[PDB]
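*Asks:* Okay, handing you the structure first.
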Amino acid sequence: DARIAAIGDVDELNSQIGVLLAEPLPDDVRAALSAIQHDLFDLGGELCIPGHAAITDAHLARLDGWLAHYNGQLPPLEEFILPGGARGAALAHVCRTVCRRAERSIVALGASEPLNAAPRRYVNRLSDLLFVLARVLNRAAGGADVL
Amino acid sequence: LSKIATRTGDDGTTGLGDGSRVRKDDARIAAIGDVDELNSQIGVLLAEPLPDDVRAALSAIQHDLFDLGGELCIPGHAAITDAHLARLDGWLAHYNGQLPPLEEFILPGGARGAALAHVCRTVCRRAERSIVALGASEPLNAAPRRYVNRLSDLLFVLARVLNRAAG
Amino acid sequence: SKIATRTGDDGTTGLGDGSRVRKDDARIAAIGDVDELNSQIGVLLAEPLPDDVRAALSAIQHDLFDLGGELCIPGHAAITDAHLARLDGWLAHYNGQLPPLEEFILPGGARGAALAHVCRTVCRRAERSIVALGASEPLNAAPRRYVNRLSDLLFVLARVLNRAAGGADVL
């Protein structure tokens with residue numbers, strides 16, 4: 001059941017990003033989110049079929065790059081913030097939490113079955129990237145994060 | 001010592017379709033909750049502009065999911081019948097017939113309505129997992145699992161229909 | 001792997017006392033579900049809402065942040081009778097504005113009302129996680145009693161939002 005559950009949560013995460021993608025977004029953000037949807041598709045395909053790996057260092061390198069890029073666009077967070085703000089920002093936070101949920105099950109799968117570490121490392125980074133994108137979307141809307 | 005009066009359920013339990021009391025983390029309660037969550041997500045979908053037939057089907061499905069939750073609330077009860085399953089089969093055939101052959105894989109998204117349909121789809125599959133988990137701890141007729149299994153496929157097809165309609 | 005290690009890459013997460021637990025631990029699941037709930041409320045808050053309802057939901061977001069903190073920080077409590085009293089107050093406040101529910105309702109209606117019902121179900125989900133956690137770890141009753149009341153309040157608010165939209169509750 002661990003594998004079935006992980007496959008499902010990743011699918012749920014990808015669907016939530018589809019909802020975020022239905023919102024107005026900066027071009028750079030839309031492109032990243034779109035590529036991520038393909039990544040999650042490969043990730044899901046990998047958790048399922050045994051002996052087949054699809055997530056590589058390059059995938060992790062791309063997330064690290066987007067993290068570095070977007071974080072450089074924002075001043076370090078000084079105070080704790082609450083999930084919300086502009087609709088796109090709020091949706092990004094929902095995606096963030098669903099990604100963390102998908103991470104918990106992926107970690108569960110790796111604990112009871114031979115699993116490559118790339119999957120969990122990918123969603124670990126995606127969780128942090130969605131947090132940052134929420135901030136970007138709040139600023140892009142002309143607002144600020146909810147403190 | 002809390003000075004706040006207790007409310008039903010404060011002790012971490014909830015009542016079933018009888019005098020039965022169970023702890024909220026019980027497999028049966030999780031199954032009931034996930035079906036409720038799925039129904040709520042469909043409610044969000046119903047707040048979108050929709051083609052007439054799609055709305056009629058989803059509206060009807062909410063009543064079915066209510067009955068399904070009811071069936072799970074009463075261990076010794078059965079609300080979902082083959083008639084419910086049969087109706088989902090009919091909808092599947094009806095809508096699949098409206099759509100052209102699916103040659104390549106597709107990612108969840110598109111118009112907001114289609115995107116929400118995919119969320120309903122994944123939440124429906126999550127509810128199916130909880131219902132399956134319930135069957136591992138208690139005897140359970142198949143109608144519930146069969147219903148949600150069929151519904152997740154329908155939601156997939158409806159997502160495609162909604163994109164077409166939403167452009 | 002030629003990729004540098006990031007905090008959490010090993011499948012664990014840090015608690016407030018510096019200790020680290022695997023991410024599938026029951027405690028992390030409860031913290032996560034509370035976080036998910038707070039995020040859904042944030043989506044509801046992005047909708048057009050009556051000012052009193054917005055003020056209430058915004059305050060609740062602060063409570064849930066504190067609630068998550070209590071679950072994450074050992075030797076740290078944050079939810080008190082005051083928090084539970086405020087919820088009871090809002091429940092009495094809003095229920096009094098509505099006619100008695102004579103029949104079962106389906107989750108949905110106006111967009112804001114539908115989203116409130118989603119929050120309600122995610123809240124119940126978080127409650128199941130908090131309960132599972134307290135089943136193997138010493139927990140104050142407060143967190144559990146808080147989300148227990150919040151679930152009912154989100155149901156009530158859903159009805160309020162359907163009223164405000166001039167619509168009604170789906171039967």
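Residue numbers start at 1 in each chain; chains themselves are named A, B, ... in the order of the structure tokens; ligands are numbered from 1 in the order shown.
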Which chain C residues are at most 8 Å from chain B (counting only C-alpha atoms), as a list in words?

*Replies:* residues 81, 84, 85, 106, 107, 108, 109, 110, 111, 114, 115, 117, 118, 121, 122, 124, 125, 127, 128, 129, 131, 132, 141, 144, 145 and 148 of chain C

*Asks:* Could you save those same residues with N, CA and C atoms as a compact mmCIF listing (two decimals), in the first residue's frame?

*Replies:*
```txt
# COMPACT_ATOMS: atom_id res chain seq x y z
N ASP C 81 -7.77 27.59 26.92
CA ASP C 81 -9.23 27.71 27.01
C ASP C 81 -9.68 28.94 26.25
N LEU C 84 -10.33 28.09 22.78
CA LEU C 84 -11.54 27.28 22.66
C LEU C 84 -12.79 28.12 22.92
N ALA C 85 -12.66 29.10 23.81
CA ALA C 85 -13.77 29.98 24.15
C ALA C 85 -14.13 30.85 22.96
N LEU C 106 -25.70 19.13 1.42
CA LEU C 106 -24.55 18.64 0.67
C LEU C 106 -23.52 19.77 0.62
N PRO C 107 -22.22 19.42 0.67
CA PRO C 107 -21.20 20.47 0.63
C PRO C 107 -21.15 21.14 -0.73
N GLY C 108 -21.37 22.45 -0.74
CA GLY C 108 -21.36 23.19 -1.99
C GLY C 108 -22.19 24.46 -1.93
N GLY C 109 -22.51 25.01 -3.09
CA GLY C 109 -23.29 26.23 -3.14
C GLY C 109 -22.41 27.30 -3.73
N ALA C 110 -22.42 28.49 -3.12
CA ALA C 110 -21.58 29.57 -3.59
C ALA C 110 -20.12 29.12 -3.47
N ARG C 111 -19.26 29.60 -4.36
CA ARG C 111 -17.85 29.22 -4.34
C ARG C 111 -17.22 29.32 -2.95
N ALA C 114 -18.53 26.52 -0.80
CA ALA C 114 -17.96 25.23 -1.18
C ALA C 114 -16.53 25.09 -0.63
N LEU C 115 -15.74 26.15 -0.75
CA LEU C 115 -14.37 26.13 -0.24
C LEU C 115 -14.34 25.96 1.27
N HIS C 117 -16.45 24.24 2.98
CA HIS C 117 -16.72 22.83 3.22
C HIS C 117 -15.45 21.99 3.02
N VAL C 118 -14.62 22.38 2.06
CA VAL C 118 -13.37 21.67 1.83
C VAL C 118 -12.50 21.87 3.08
N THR C 121 -13.56 19.58 5.79
CA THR C 121 -13.13 18.18 5.66
C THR C 121 -11.64 18.02 5.93
N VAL C 122 -10.84 19.00 5.50
CA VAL C 122 -9.41 18.93 5.74
C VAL C 122 -9.17 19.11 7.24
N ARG C 124 -11.21 18.07 9.58
CA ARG C 124 -11.53 16.77 10.17
C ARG C 124 -10.37 15.81 9.94
N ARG C 125 -9.74 15.90 8.77
CA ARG C 125 -8.59 15.06 8.46
C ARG C 125 -7.45 15.35 9.43
N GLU C 127 -7.79 16.51 12.38
CA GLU C 127 -8.22 16.02 13.68
C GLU C 127 -7.92 14.53 13.82
N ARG C 128 -8.12 13.77 12.75
CA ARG C 128 -7.84 12.34 12.78
C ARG C 128 -6.34 12.11 13.02
N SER C 129 -5.51 12.95 12.42
CA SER C 129 -4.06 12.86 12.58
C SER C 129 -3.62 13.23 14.00
N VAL C 131 -5.43 13.01 16.64
CA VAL C 131 -5.92 11.93 17.49
C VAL C 131 -4.99 10.72 17.42
N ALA C 132 -4.55 10.36 16.22
CA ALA C 132 -3.65 9.23 16.05
C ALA C 132 -2.35 9.52 16.82
N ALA C 141 -5.19 18.10 25.49
CA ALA C 141 -6.46 17.91 24.81
C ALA C 141 -6.80 19.12 23.92
N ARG C 144 -6.74 19.03 19.96
CA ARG C 144 -7.83 18.17 19.51
C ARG C 144 -9.18 18.87 19.64
N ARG C 145 -9.41 19.51 20.79
CA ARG C 145 -10.66 20.20 21.04
C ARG C 145 -10.80 21.43 20.17
N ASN C 148 -11.73 20.23 16.65
CA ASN C 148 -13.05 19.62 16.78
C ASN C 148 -14.09 20.72 16.61
```

*Asks:* Taking only C-alpha atoms into account, report as JSON, numbers by chain which residues of chain A lie within 9 Å of chain B.

*Replies:* {"A": [1, 4, 5, 8, 9, 11, 12, 13, 14, 15, 16, 17, 18, 19, 20, 21, 22, 23, 37, 38, 41]}

*Asks:* Grab the atom CA of residue 68 of chain C to atom CA of residue 134 of chain C distance for me, in Å with one decimal place.

*Replies:*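 Taking atom CA of residue 68 of chain C as the start and atom CA of residue 134 of chain C as the end point, the length is 14.0 Å.
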
*Asks:* Taking only C-alpha atoms into account and nothing else, which residues of chain A lie no more than 7 Å away from chain C? Please answer as a list in words.

*Replies:*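 Result, ordered by chain then number: residues 57, 61, 82, 83, 84, 85, 86, 87, 90, 91, 93, 94, 97, 101, 104, 105, 107, 108, 120, 121 and 124 of chain A.
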
*Asks:* I need the residue nearest residue 62 of chain A from this list: A:131, A:102, A:32, A:109. Use only C-alpha atoms for the distance.

*Replies:*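 Answer, going by the shortest atom-to-atom distance: A:32.
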
*Asks:* Could you name the residues that touch residue 40 of chain A at 10 Å or less, counting only C-alpha atoms, but leaving out those on the same chain fewer than 3 positions away, as an MDAnalysis selection string?

*Replies:* (chainID A and resid 7 10:11 13:14 35:37 43:46 54:55 119 122:123) or (chainID B and resid 107)

*Asks:* Write a file of the just-selected residues containing C-alpha atoms, as a PDB file, in the first residue's frame.

*Replies:*
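Ended up saving to result20.pdb:
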```pdb
ATOM      1  CA  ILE A   7       1.809   7.299  -6.543  1.00  0.00           C
ATOM      2  CA  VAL A  10       2.180  12.688  -6.323  1.00  0.00           C
ATOM      3  CA  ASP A  11      -0.821  12.586  -8.703  1.00  0.00           C
ATOM      4  CA  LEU A  13       0.081  17.210  -6.072  1.00  0.00           C
ATOM      5  CA  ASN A  14       0.355  17.402  -9.860  1.00  0.00           C
ATOM      6  CA  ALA A  35       8.060  21.625 -16.488  1.00  0.00           C
ATOM      7  CA  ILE A  36       7.463  20.418 -12.936  1.00  0.00           C
ATOM      8  CA  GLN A  37       4.218  18.759 -14.039  1.00  0.00           C
ATOM      9  CA  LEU A  43       8.410  10.601 -10.870  1.00  0.00           C
ATOM     10  CA  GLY A  44       5.071   8.836 -10.600  1.00  0.00           C
ATOM     11  CA  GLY A  45       6.097   6.522 -13.410  1.00  0.00           C
ATOM     12  CA  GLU A  46       9.267   5.695 -11.490  1.00  0.00           C
ATOM     13  CA  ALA A  54      13.431   8.580 -14.267  1.00  0.00           C
ATOM     14  CA  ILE A  55      14.431  11.266 -11.737  1.00  0.00           C
ATOM     15  CA  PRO A 119      12.325  10.952  -5.557  1.00  0.00           C
ATOM     16  CA  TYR A 122      13.003  16.048  -5.625  1.00  0.00           C
ATOM     17  CA  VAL A 123       9.886  16.725  -3.537  1.00  0.00           C
TER      18      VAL A 123
ATOM     19  CA  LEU B 107      -1.256  16.047 -17.455  1.00  0.00           C
TER      20      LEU B 107
END
```

*Asks:* What parts of chain B does DSSP call strand (DSSP E)? I'd like the answer as an MDAnalysis selection string.

*Replies:* chainID B and resid 13:15 21:23

*Asks:* Got time to write the residues from that selection, C-alpha atoms, as an mmCIF file, in the first residue's frame?

*Replies:*
```
data_model
loop_
_atom_site.group_PDB
_atom_site.id
_atom_site.type_symbol
_atom_site.label_atom_id
_atom_site.label_comp_id
_atom_site.auth_asym_id
_atom_site.auth_seq_id
_atom_site.Cartn_x
_atom_site.Cartn_y
_atom_site.Cartn_z
ATOM 1 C CA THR B 13 -14.236 9.819 19.325
ATOM 2 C CA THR B 14 -17.180 10.082 16.936
ATOM 3 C CA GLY B 15 -20.501 8.260 16.669
ATOM 4 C CA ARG B 21 -18.567 5.091 19.402
ATOM 5 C CA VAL B 22 -15.165 4.942 17.709
ATOM 6 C CA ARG B 23 -11.863 6.811 17.977
#
```

*Asks:* Where does DSSP see helix (DSSP H, G or I) in segment 26-170 of chain C, if you list the residues as an MDAnalysis selection string?

*Replies:* chainID C and resid 26:45 51:72 81:95 111:134 141:164

*Asks:* Could you name the residues that touch residue 80 of chain B at 7 Å or less, counting only C-alpha atoms, but leaving out those on the same chain fewer than 5 positions away, as an MDAnalysis selection string?

*Replies:* chainID B and resid 67:68 143:144

*Asks:* How would the residues just picked look written out with N, CA and C atoms as a PDB file, in the first residue's frame?

*Replies:*
```pdb
ATOM      1  N   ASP B  67     -24.967   9.067   0.425  1.00  0.00           N
ATOM      2  CA  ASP B  67     -25.476   7.732   0.744  1.00  0.00           C
ATOM      3  C   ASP B  67     -24.321   6.796   1.063  1.00  0.00           C
ATOM      4  N   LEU B  68     -23.251   6.892   0.276  1.00  0.00           N
ATOM      5  CA  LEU B  68     -22.087   6.041   0.484  1.00  0.00           C
ATOM      6  C   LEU B  68     -21.498   6.280   1.875  1.00  0.00           C
ATOM      7  N   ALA B 143     -19.589  -2.708  -3.227  1.00  0.00           N
ATOM      8  CA  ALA B 143     -20.220  -1.544  -3.850  1.00  0.00           C
ATOM      9  C   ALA B 143     -19.483  -0.228  -3.609  1.00  0.00           C
ATOM     10  N   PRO B 144     -19.089   0.051  -2.355  1.00  0.00           N
ATOM     11  CA  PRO B 144     -18.376   1.299  -2.058  1.00  0.00           C
ATOM     12  C   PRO B 144     -17.087   1.477  -2.858  1.00  0.00           C
TER      13      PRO B 144
END
```

*Asks:* Could you give me, as a ChimeraX atom specification, the residues within 7 Å of residue 73 of chain B, counting only C-alpha atoms and dropping anything in the same chain fewer than 3 positions from it?

*Replies:* /B:16-17,69-70
